[PDB]
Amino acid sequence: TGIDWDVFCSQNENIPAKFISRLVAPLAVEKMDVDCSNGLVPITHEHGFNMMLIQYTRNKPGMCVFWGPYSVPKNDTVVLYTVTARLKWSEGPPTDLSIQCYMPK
């Protein structure tokens, strides 16, 4: 895959999660967008690296708020927050990412 990434979820709704991605060089990236509950948010990589904060709540600059919370079929002890990112390439099919953070409740 052309992208290295992970999500670092927080323990508290006031502390945003951090979405971190690095592009692997050529074929290059046309654009990258994150679908957030508050709208579609573009991402730019400086020299191929980006760290994005994703907020669990609305309280509060390019901001992206998680979709959620969601209930999950098996476990009644957690809820899901999520967004999705789409990065389009100059040549090829797009990469679609699922960014998931569970929070207690």
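All residue numbers refer to positions in the sequence shown, first residue = 1.
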Per the entry, how many deposited residues between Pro26 and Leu27 lack coordinates? The answer is 1 to 3
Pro61 preceded by how many uncoordinated deposited residues after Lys60:
4 to 9
Should the higher mean CA B-factor in the entry be assigned to 27-35 or to 64-72?
27-35
Looking only at CA atoms, which has the higher mean B factor in the entry: 78-86 or 7-15?
7-15
For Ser98, the third of its chain into which the C-alpha B factor falls:
lowest
